[PDB]
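Q: To start, I am sharing the structure in question, which I have written as structure tokens.
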Amino acid sequence: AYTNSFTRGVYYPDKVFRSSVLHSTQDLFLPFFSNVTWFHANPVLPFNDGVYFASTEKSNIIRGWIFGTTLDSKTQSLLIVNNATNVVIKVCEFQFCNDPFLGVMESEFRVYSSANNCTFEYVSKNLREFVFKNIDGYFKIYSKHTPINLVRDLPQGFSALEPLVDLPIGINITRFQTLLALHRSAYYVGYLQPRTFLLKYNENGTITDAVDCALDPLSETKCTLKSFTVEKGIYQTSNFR
Amino acid sequence: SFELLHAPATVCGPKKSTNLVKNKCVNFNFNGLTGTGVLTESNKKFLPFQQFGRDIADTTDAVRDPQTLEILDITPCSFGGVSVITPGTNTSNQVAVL
Amino acid sequence: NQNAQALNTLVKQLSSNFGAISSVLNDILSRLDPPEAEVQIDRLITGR
Amino acid sequence: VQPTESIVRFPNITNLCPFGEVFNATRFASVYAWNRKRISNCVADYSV
Ligand SMILES: *[C@@H]1O[C@H](CO)[C@@H](O)[C@H](O)[C@H]1NC(C)=O
Ligand SMILES: *[C@@H]1O[C@H](CO)[C@@H](O)[C@H](O)[C@H]1NC(C)=O
Ligand SMILES: *[C@@H]1O[C@H](CO)[C@@H](O)[C@H](O)[C@H]1NC(C)=O
């Protein structure tokens with residue numbers, strides 16, 4: 001299956017506050033209007049330079065993730081999961097076993113079977129989306145909650161992706177896995193590339209709109225003028241080689 | 001036995017802070033952000049978390065202290081030229097300065 | 001508009017390293033020995 | 001005007017890299033079999 005990611009997947013390049021300047025950045029973003037490879041409720045997916053993960057559900061069935069570089073044995077591997085409550089993060093080099101799909105009443109225990117020289121620990125009608133980046137041994141996560149009414153389609157709209165956490169674990173992730181909670185008796189995936197954007201701000205809060213100034217000629221023209229409004233005339237944007 | 005790896009440093013010593021001062025020309029250092037200016041409390045709120053606000057011409061003008069989470073304002077320390085007003089050396093020697 | 005734009009692109013040029021280690025002086029000042037930091041400071045001074 | 005004085009300000013002190021179970025520990029090991037407890041992301045108070 002395939003769908004179109006209209007204007008989703010926008011996070012904050014840094015922690016700076018900007019009142020109303022219409023700022024132009026250059027970083028790794030999800031391109032506007034691209035295919036997402038949406039699934040149903042799940043093989044391994046390559047983690048090239050960062051991914052956009054989104055989920056649409058009405059029940060708490062979607063669960064954490066597993067990352068790594070070989071996904072076979074004896075290597076550094078992220079592992080973020082979640083139980084009924086108190087989200088636990090377990091990020092170490094170990095012999096991760098398999099893909100532990102969760103099995104539901106509250107009786108859910110099939111996670112792992114191996115323990116070795118761990119290095120880190122942590123214990124703590126809706127749309128949830130995440131962005132993962134692996135830069136200089138830092139793992140950054142951005143998250144946002146959005147209430148929805150339709151669940152069979154990706155909604156139209158804009159929302160910034162406020163930063164969640166960061167981890168200093170040096171690792172070179174290349175693939176990852178996802179976890180569900182199938183009972184016993186729909187998640188979106190997209191990749192992101194180096195682009196240039198025109199994030200807005202409103203001096204009373206956060207980003208309200210953005211334009212990807214590499215999509216169509218108006219995007220290039222707006223990006224040149226550094227404004228969202230273009231007056232009648234002819235504008236010289238770039239060069240053709 | 002300390003060790004140095006390509007992974008970012010994680011175990012590092014503590015940094016001695018100091019009690020901030022307002023309404024004076026000081027040399028500030030907030031988690032690397034340095035410079036000088038008069039410190040003043042802000043009338044603006046960043047977010048549930050933001051470190052330092054900038055503006056057009058990418059100048060740092062608003063930061064929050066990482067002990068009380070209060071946003072402060074940075075204004076450049078006073079500078080300007082001095083001018084000498086004279087009626088002429090032959091006329092007199094009184095001088096007014098601007 | 002022209003005067004403001006020129007005066008704005010003037011002060012925006014202060015965040016360019018001109019091939020040196022960094023744009024800020026107070027970091028190249030307190031992260032290198034003076035004798036070689038002279039080269040970086042000069043290379044930044046010329047650009048400014 | 002000139003800067004009255006220089007000020008530095010940093011966040012609160014987090015987990016203090018527990019050394020009490022390494023120095024003030026009860027029972028140590030023998031030489032031919034020595035421990036290798038490794039510290040991790042925290043603040044080390046070498047002044048004490
Ligand atoms: C997604 O890929 C298919 C072919 O695999 C293509 O027909 C479709 O136009 C693509 N979607 C977008 C939004 O370009
Ligand atoms: C804008 O700020 C005003 C106060 O300055 C506040 O009442 C209002 O809720 C803000 N708008 C938002 C948060 O959308
Ligand atoms: C300036 O001084 C000279 C000699 O000191 C004098 O002759 C002349 O009248 C003076 N002129 C004025 C305007 O004071």
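Labeling convention for the structure tokens: chains A, B, ... as they appear, residues from 1 per chain, ligands from 1 in order of appearance.
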Taking only C-alpha atoms and all ligand atoms into account, which residues are within 10 Å of ligand 1, as a list in words?

A: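 Protein and nucleic-acid residues within 10 Å of ligand 1: residues 1, 2, 3, 4, 5, 6, 32, 33, 34, 35, 36 and 37 of chain A.
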
Q: Based on the selection just made, write N, CA, C and O atoms of those residues as a PDB file, in the first residue's frame.

A:
ATOM      1  N   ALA A   1       0.825  -1.201   0.000  1.00  0.00           N
ATOM      2  CA  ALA A   1       0.000   0.000   0.000  1.00  0.00           C
ATOM      3  C   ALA A   1       0.864   1.257   0.000  1.00  0.00           C
ATOM      4  O   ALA A   1       1.992   1.246   0.490  1.00  0.00           O
ATOM      5  N   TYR A   2       0.332   2.337  -0.569  1.00  0.00           N
ATOM      6  CA  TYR A   2       1.021   3.617  -0.609  1.00  0.00           C
ATOM      7  C   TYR A   2       0.014   4.735  -0.389  1.00  0.00           C
ATOM      8  O   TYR A   2      -1.163   4.607  -0.732  1.00  0.00           O
ATOM      9  N   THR A   3       0.490   5.836   0.187  1.00  0.00           N
ATOM     10  CA  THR A   3      -0.312   7.035   0.384  1.00  0.00           C
ATOM     11  C   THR A   3       0.599   8.244   0.234  1.00  0.00           C
ATOM     12  O   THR A   3       1.805   8.112   0.022  1.00  0.00           O
ATOM     13  N   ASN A   4       0.023   9.432   0.353  1.00  0.00           N
ATOM     14  CA  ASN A   4       0.759  10.668   0.147  1.00  0.00           C
ATOM     15  C   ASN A   4       0.854  11.440   1.454  1.00  0.00           C
ATOM     16  O   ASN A   4      -0.166  11.720   2.091  1.00  0.00           O
ATOM     17  N   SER A   5       2.080  11.785   1.841  1.00  0.00           N
ATOM     18  CA  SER A   5       2.339  12.585   3.036  1.00  0.00           C
ATOM     19  C   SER A   5       2.283  14.045   2.624  1.00  0.00           C
ATOM     20  O   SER A   5       3.257  14.590   2.103  1.00  0.00           O
ATOM     21  N   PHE A   6       1.139  14.683   2.849  1.00  0.00           N
ATOM     22  CA  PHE A   6       0.921  16.005   2.280  1.00  0.00           C
ATOM     23  C   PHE A   6       1.881  17.046   2.844  1.00  0.00           C
ATOM     24  O   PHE A   6       2.804  17.482   2.151  1.00  0.00           O
ATOM     25  N   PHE A  32       7.681  17.281   1.126  1.00  0.00           N
ATOM     26  CA  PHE A  32       6.242  17.418   0.986  1.00  0.00           C
ATOM     27  C   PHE A  32       5.746  16.571  -0.177  1.00  0.00           C
ATOM     28  O   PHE A  32       6.397  16.480  -1.220  1.00  0.00           O
ATOM     29  N   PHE A  33       4.591  15.938   0.017  1.00  0.00           N
ATOM     30  CA  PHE A  33       3.914  15.165  -1.023  1.00  0.00           C
ATOM     31  C   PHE A  33       4.796  14.037  -1.559  1.00  0.00           C
ATOM     32  O   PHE A  33       5.217  14.037  -2.716  1.00  0.00           O
ATOM     33  N   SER A  34       5.065  13.064  -0.690  1.00  0.00           N
ATOM     34  CA  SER A  34       5.794  11.848  -1.039  1.00  0.00           C
ATOM     35  C   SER A  34       5.011  10.622  -0.587  1.00  0.00           C
ATOM     36  O   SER A  34       4.110  10.707   0.252  1.00  0.00           O
ATOM     37  N   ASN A  35       5.356   9.465  -1.150  1.00  0.00           N
ATOM     38  CA  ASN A  35       4.773   8.219  -0.670  1.00  0.00           C
ATOM     39  C   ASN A  35       5.223   7.871   0.739  1.00  0.00           C
ATOM     40  O   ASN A  35       6.405   7.966   1.074  1.00  0.00           O
ATOM     41  N   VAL A  36       4.265   7.466   1.549  1.00  0.00           N
ATOM     42  CA  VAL A  36       4.488   6.716   2.774  1.00  0.00           C
ATOM     43  C   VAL A  36       4.079   5.282   2.476  1.00  0.00           C
ATOM     44  O   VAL A  36       3.238   5.029   1.607  1.00  0.00           O
ATOM     45  N   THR A  37       4.649   4.335   3.217  1.00  0.00           N
ATOM     46  CA  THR A  37       4.578   2.926   2.868  1.00  0.00           C
ATOM     47  C   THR A  37       3.657   2.235   3.861  1.00  0.00           C
ATOM     48  O   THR A  37       4.019   1.228   4.472  1.00  0.00           O
TER      49      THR A  37
END

Q: Could you find all residues in chain B that DSSP calls strand (DSSP E) from the backbone, and write them as JSON, numbers by chain?

A: {"B": [25, 26, 27, 28, 29, 30, 33, 34, 35, 36, 37, 38, 39, 40, 41, 52, 53, 54, 62, 63, 64, 65, 70, 71, 72, 73, 74, 75, 84, 85, 96, 97]}

Q: Include C-alpha atoms and write out the residues we just selected as a JSON list (two decimals), in the first residue's frame.

A:
[["chain", "number", "residue", "atom", "x", "y", "z"],
["B", 25, "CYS", "CA", 26.81, 45.40, 32.60],
["B", 26, "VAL", "CA", 28.22, 41.91, 33.22],
["B", 27, "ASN", "CA", 29.84, 39.05, 31.34],
["B", 28, "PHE", "CA", 27.31, 36.25, 31.17],
["B", 29, "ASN", "CA", 27.86, 32.57, 30.40],
["B", 30, "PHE", "CA", 24.75, 30.39, 30.15],
["B", 33, "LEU", "CA", 26.27, 31.28, 25.52],
["B", 34, "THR", "CA", 28.53, 34.21, 26.40],
["B", 35, "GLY", "CA", 28.88, 37.91, 25.74],
["B", 36, "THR", "CA", 27.88, 40.96, 27.72],
["B", 37, "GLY", "CA", 24.83, 43.06, 28.38],
["B", 38, "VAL", "CA", 22.31, 44.20, 30.93],
["B", 39, "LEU", "CA", 20.21, 41.38, 32.38],
["B", 40, "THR", "CA", 16.50, 42.07, 32.76],
["B", 41, "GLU", "CA", 13.41, 39.96, 33.35],
["B", 52, "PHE", "CA", 17.50, 31.13, 24.19],
["B", 53, "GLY", "CA", 15.59, 33.44, 21.92],
["B", 54, "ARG", "CA", 17.10, 35.18, 18.94],
["B", 62, "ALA", "CA", 16.49, 36.38, 25.37],
["B", 63, "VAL", "CA", 17.59, 33.42, 27.51],
["B", 64, "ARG", "CA", 16.21, 31.52, 30.49],
["B", 65, "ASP", "CA", 18.20, 30.74, 33.61],
["B", 70, "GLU", "CA", 12.80, 32.29, 34.03],
["B", 71, "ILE", "CA", 13.28, 34.13, 30.76],
["B", 72, "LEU", "CA", 15.67, 37.08, 30.84],
["B", 73, "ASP", "CA", 16.49, 39.88, 28.42],
["B", 74, "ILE", "CA", 19.86, 40.91, 26.99],
["B", 75, "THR", "CA", 20.47, 44.54, 26.08],
["B", 84, "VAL", "CA", 33.00, 68.50, 21.93],
["B", 85, "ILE", "CA", 31.11, 71.77, 21.53],
["B", 96, "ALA", "CA", 30.40, 71.60, 26.55],
["B", 97, "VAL", "CA", 30.57, 67.88, 25.81]]

Q: Name each residue within 10 Å of ligand 2, counting only C-alpha atoms and all ligand atoms, as a PyMOL selection string.

A: (chain A and resi 202-206) or (chain B and resi 43-45)

Q: Now that the selection is made, can you save its residues with C-alpha atoms as a short mmCIF file (atom, residue, chain, number, x, y, z; two decimals), in the first residue's frame?

A:
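Below is the file that was written, again06.cif:
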data_model
loop_
_atom_site.label_atom_id
_atom_site.label_comp_id
_atom_site.auth_asym_id
_atom_site.auth_seq_id
_atom_site.Cartn_x
_atom_site.Cartn_y
_atom_site.Cartn_z
CA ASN A 202 4.15 33.78 15.64
CA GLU A 203 5.78 35.37 18.76
CA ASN A 204 3.03 33.80 20.86
CA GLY A 205 4.19 30.23 20.42
CA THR A 206 5.41 27.94 17.69
CA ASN B 43 7.65 40.14 29.47
CA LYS B 44 7.52 37.16 27.10
CA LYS B 45 7.13 33.41 27.52
#

Q: When you get a sec, could you note down which chain B residues fall within 7 Å of chain A, using only C-alpha atoms, as an NGL selection string?

A: :B and (7-8 or 46-47 or 50-56)

Q: What residues of the protein or nucleic acid chains come within 8 Å of ligand 3 when you use only C-alpha atoms and all ligand atoms? Reply as an MDAnalysis selection string.

A: chainID B and resid 88:91

Q: Near segment 20-22 of chain D, counting only C-alpha atoms, which residues have an atom at most 10 Å away, once you skip same-chain residues fewer than 5 positions from it, shown as a list in words?

A: residues 27, 28, 35 and 37 of chain D

Q: Just to be explicit: take each residue in the selection above, keep C-alpha atoms, and write the result as a compact mmCIF listing (two decimals), in the first residue's frame.

A:
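File written: out20.txt
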# COMPACT_ATOMS: atom_id res chain seq x y z
CA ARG D 27 34.20 -6.22 51.13
CA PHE D 28 36.82 -5.81 48.41
CA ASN D 35 36.42 -5.96 39.83
CA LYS D 37 32.90 -1.58 37.72

Q: Select all residues from chain D having any atom no more than 12 Å from an atom of chain B (counting only C-alpha atoms, ignoring ligands), output as a VMD selection string.

A: chain D and resid 1 to 18 36 to 48

Q: I want to know what sits within 10 Å of residue 229 of chain A, based on only C-alpha atoms, with residues of the same chain fewer than 5 positions away left out; could you give that as a list in words?

A: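 Once the adjacent positions are removed, what remains is residues 218, 221 and 222 of chain A.
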
Q: With C-alpha atoms retained, could you export that selection as a PDB file, in the first residue's frame?

A:
ATOM      1  CA  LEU A 218       6.374  29.041  -6.419  1.00  0.00           C
ATOM      2  CA  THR A 221      10.180  32.015  -5.632  1.00  0.00           C
ATOM      3  CA  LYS A 222       8.852  32.304  -2.072  1.00  0.00           C
TER       4      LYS A 222
END

Q: Mind giving me the straight-line distance from atom CA of residue 104 of chain A to atom CA of residue 84 of chain A in Å, one decimal?

A: 10.3 Å

Q: Give the answer as one residue: which of A:25, A:82, A:107, A:193 has the shortest atom-to-atom distance to residue 180 of chain A, using only C-alpha atoms?

A: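 The answer is A:82, which sits nearest to residue 180 of chain A.
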
Q: Leaving out segment 143-150 of chain A and any residue of its chain fewer than 3 positions from it, which residues lie within 8 Å of it when counting only C-alpha atoms, given as a count of residues only?

A: 15

Q: Give the residues of chain C that lie within 12 Å of chain B; count only C-alpha atoms, and format the answer as a list in words.

A: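 Every residue meeting the condition is included here: residues 4, 5, 6, 7, 8, 9, 10, 11, 12, 13, 14, 15, 16, 24, 25, 26, 27 and 30 of chain C.
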
Q: Generate a file of the selected residues that holds N, CA and C atoms, formatted as a CSV table (one decimal), in the first residue's frame.

A:
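So the final result, stored in part-v3.csv, reads:
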chain,number,residue,atom,x,y,z
C,4,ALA,N,17.6,49.5,5.0
C,4,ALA,CA,17.5,48.5,6.0
C,4,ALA,C,18.0,47.1,5.6
C,5,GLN,N,17.8,46.8,4.3
C,5,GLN,CA,18.3,45.5,3.9
C,5,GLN,C,19.9,45.5,3.9
C,6,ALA,N,20.5,46.5,3.4
C,6,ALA,CA,22.0,46.6,3.5
C,6,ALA,C,22.5,46.5,4.9
C,7,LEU,N,21.9,47.3,5.8
C,7,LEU,CA,22.4,47.3,7.2
C,7,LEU,C,22.1,46.0,7.8
C,8,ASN,N,21.1,45.2,7.3
C,8,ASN,CA,20.8,43.9,7.9
C,8,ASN,C,21.7,42.9,7.4
C,9,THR,N,22.0,42.8,6.1
C,9,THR,CA,23.0,41.9,5.6
C,9,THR,C,24.4,42.3,6.0
C,10,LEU,N,24.6,43.5,6.5
C,10,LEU,CA,25.9,43.8,7.2
C,10,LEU,C,26.1,43.1,8.5
C,11,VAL,N,25.1,43.1,9.4
C,11,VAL,CA,25.2,42.5,10.7
C,11,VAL,C,25.0,41.0,10.6
C,12,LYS,N,24.4,40.5,9.6
C,12,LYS,CA,24.3,39.1,9.4
C,12,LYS,C,25.6,38.4,9.0
C,13,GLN,N,26.5,39.2,8.5
C,13,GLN,CA,27.8,38.7,8.1
C,13,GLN,C,28.7,38.3,9.3
C,14,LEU,N,28.3,38.7,10.5
C,14,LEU,CA,29.1,38.5,11.7
C,14,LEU,C,29.1,37.0,12.1
C,15,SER,N,28.2,36.2,11.6
C,15,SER,CA,28.1,34.8,11.9
C,15,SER,C,28.7,33.9,10.8
C,16,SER,N,29.7,34.4,10.1
C,16,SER,CA,30.4,33.6,9.0
C,16,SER,C,31.8,33.5,9.5
C,24,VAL,N,32.5,33.0,16.4
C,24,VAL,CA,32.7,33.8,17.6
C,24,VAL,C,34.2,33.8,18.0
C,25,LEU,N,34.6,35.0,18.4
C,25,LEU,CA,36.0,35.1,18.9
C,25,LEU,C,36.3,34.5,20.2
C,26,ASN,N,35.3,34.6,21.1
C,26,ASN,CA,35.6,34.1,22.5
C,26,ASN,C,35.7,32.6,22.6
C,27,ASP,N,35.3,31.9,21.5
C,27,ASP,CA,35.6,30.4,21.5
C,27,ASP,C,37.0,30.1,20.9
C,30,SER,N,39.5,30.9,23.6
C,30,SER,CA,39.7,30.0,24.8
C,30,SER,C,39.6,28.6,24.4

Q: Considering only alpha helix (DSSP H) as DSSP defines it on the backbone, what residues of segment 3-48 of chain C qualify? List them as a ChimeraX atom specification.

A: /C:3-12,25-29,34-47

Q: Let me see the file: selected residues, C-alpha atoms, as a PDB file, in the first residue's frame.

A:
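Result file is again_11.pdb:
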ATOM      1  CA  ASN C   3      18.976  50.918   3.510  1.00  0.00           C
ATOM      2  CA  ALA C   4      17.474  48.489   6.019  1.00  0.00           C
ATOM      3  CA  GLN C   5      18.339  45.480   3.864  1.00  0.00           C
ATOM      4  CA  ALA C   6      21.952  46.587   3.455  1.00  0.00           C
ATOM      5  CA  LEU C   7      22.354  47.326   7.158  1.00  0.00           C
ATOM      6  CA  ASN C   8      20.797  43.937   7.925  1.00  0.00           C
ATOM      7  CA  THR C   9      23.015  41.908   5.601  1.00  0.00           C
ATOM      8  CA  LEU C  10      25.914  43.796   7.175  1.00  0.00           C
ATOM      9  CA  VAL C  11      25.178  42.526  10.682  1.00  0.00           C
ATOM     10  CA  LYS C  12      24.267  39.066   9.398  1.00  0.00           C
ATOM     11  CA  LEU C  25      36.020  35.142  18.852  1.00  0.00           C
ATOM     12  CA  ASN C  26      35.559  34.105  22.486  1.00  0.00           C
ATOM     13  CA  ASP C  27      35.593  30.419  21.523  1.00  0.00           C
ATOM     14  CA  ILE C  28      38.660  30.466  19.267  1.00  0.00           C
ATOM     15  CA  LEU C  29      40.240  32.606  21.994  1.00  0.00           C
ATOM     16  CA  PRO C  34      47.521  32.206  21.160  1.00  0.00           C
ATOM     17  CA  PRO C  35      50.365  31.641  18.644  1.00  0.00           C
ATOM     18  CA  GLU C  36      48.231  29.596  16.264  1.00  0.00           C
ATOM     19  CA  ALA C  37      44.962  31.325  17.175  1.00  0.00           C
ATOM     20  CA  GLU C  38      46.552  34.422  15.645  1.00  0.00           C
ATOM     21  CA  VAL C  39      46.043  32.875  12.197  1.00  0.00           C
ATOM     22  CA  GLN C  40      42.349  32.202  12.794  1.00  0.00           C
ATOM     23  CA  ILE C  41      41.764  35.639  14.305  1.00  0.00           C
ATOM     24  CA  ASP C  42      43.494  37.328  11.367  1.00  0.00           C
ATOM     25  CA  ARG C  43      41.552  35.273   8.829  1.00  0.00           C
ATOM     26  CA  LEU C  44      38.299  36.290  10.519  1.00  0.00           C
ATOM     27  CA  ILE C  45      39.392  39.935  10.807  1.00  0.00           C
ATOM     28  CA  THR C  46      40.064  40.138   7.077  1.00  0.00           C
ATOM     29  CA  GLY C  47      36.591  38.888   6.202  1.00  0.00           C
TER      30      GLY C  47
END

Q: Here is a test: counting only C-alpha atoms, which residue of A:238, A:48, A:185, A:114 is nearest to residue 69 of chain A?

A: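 The answer is A:48, which sits nearest to residue 69 of chain A.
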
Q: State, in Å with one decimal place, the distance from atom CA of residue 121 of chain A to atom CA of residue 89 of chain A.

A: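 According to the coordinates, atom CA of residue 121 of chain A and atom CA of residue 89 of chain A are separated by 6.5 Å.
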